[PDB]
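Chemist: Okay, handing you the structure first.
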Amino acid sequence: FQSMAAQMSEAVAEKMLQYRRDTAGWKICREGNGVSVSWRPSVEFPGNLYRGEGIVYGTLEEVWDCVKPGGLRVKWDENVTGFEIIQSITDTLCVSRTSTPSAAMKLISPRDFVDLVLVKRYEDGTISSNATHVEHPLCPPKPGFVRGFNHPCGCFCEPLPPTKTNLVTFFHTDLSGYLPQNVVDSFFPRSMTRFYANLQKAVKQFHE
């Protein structure tokens, strides 16, 4: 069990690592203050993979405390209402349920996601989160939520040589249910720029 729970999650981080390095495919959506988001076709499902990049003005373990899988995310992230750690497998590997609220003028009704999420730490100091969908018998479709499926996604928290942190995040989400494309195509870009906007505010609160 261990050897494969660990295994398919290791595959996830491997893909995430490749998403971080790749410079190809990526077509820019928008930019502006602090952030930059681009996208490309996912190979995991019909839809897209989204890439956020942005310097967060906080210590590396403050920014991580915010996005770490419960901790903090329920608070500051407008797109999260419920975070539950279901089956805590390893020190560093666990199965989580995430509840999103309504979005895009109630066109996107609440979804929930059941992820295998692995925290893995790199040699440079980078701490990362690596999440993929998994079916779990103790967390089936809930009444009034659509079951969404995240494909390999999460956060890279990268220390900078000074007192700041680089945050690169990938949203790889299948909203699923029954949604027109253009709805979905508008939401995600905006969802990422708002994510960073929020994350920043949360950080600032420790420096105040």
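In this analysis, Cβ positions are derived from the backbone assuming ideal geometry, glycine residues included, and neighbour counts consider all displayed protein chains. Each reported figure results from applying straightforward, stated rules to the coordinates on display, with no laboratory input.
Chemist: Just checking, how many residues over region 1-35 are touching a helix residue (DSSP H, G or I) at 6+ places or on another chain (Cβ under 9 Å), surrounded by 14 or more Cβ atoms within 10 Å (Cβ to Cβ), outside any loop (DSSP other than H, G, I, E, B) and not aliphatic (A, V, I, L, M)?
Modeler: Residues in region 1-35 being touching a helix residue (DSSP H, G or I) at 6+ places or on another chain (Cβ under 9 Å), surrounded by 14 or more Cβ atoms within 10 Å (Cβ to Cβ), outside any loop (DSSP other than H, G, I, E, B) and not aliphatic (A, V, I, L, M): 1 in total.
Chemist: Looking at this structure, is residue 166 under 18 Å from the mean Cα position of the chain (by Cα), more than 26 Å from residue 84 (Cβ to Cβ) and part of a strand (DSSP E or B)?
Modeler: The answer is yes for residue 166.
Chemist: Return only the number of the condition from (1) closer than 25 Å to residue 139 by Cα; (2) of a type in the set (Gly, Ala, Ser); (3) in contact with a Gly (Cβ under 8 Å, 6 or more places away or on another chain) that residue 36 does not satisfy.
Modeler: If we test residue 36 against (1) closer than 25 Å to residue 139 by Cα; (2) of a type in the set (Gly, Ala, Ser); (3) in contact with a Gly (Cβ under 8 Å, 6 or more places away or on another chain), just (1) comes out false.
Chemist: Could you give every pair whose Cβ atoms fall below 8 Å, whose first residue belongs to region 76-94 and is within 26 Å of residue 3 (Cβ to Cβ), and whose second residue is of a type in the set (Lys, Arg) and buried (at least 17 other Cβ atoms within 10 Å of the Cβ), counting only separations of at least 6 or pairs across chains?
Modeler: Listed by first residue and then by second, the contacts come to 84/97; 86/97; 92/120.
Chemist: Tally time: how many residues in region 151-169 are among the polar types (S, T, N, Q) and surrounded by fewer than 17 Cβ atoms within 10 Å (Cβ to Cβ)?
Modeler: 2
Chemist: Which number in (1) surrounded by fewer than 17 Cβ atoms within 10 Å (Cβ to Cβ); (2) in a loop (DSSP other than H, G, I, E, B); (3) on the phi < 0 side of the Ramachandran plot marks the one condition that residue 186 misses?
Modeler: Looking at each condition in turn, residue 186 falls short on (2).
Chemist: Just need a number here: residues in region 36-55 that are over 26 Å from residue 159 (Cβ atoms), out of contact with any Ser or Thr (no Cβ under 6 Å at 6 or more places or on another chain) and surrounded by 12 or more Cβ atoms within 10 Å (Cβ to Cβ).
Modeler: 7
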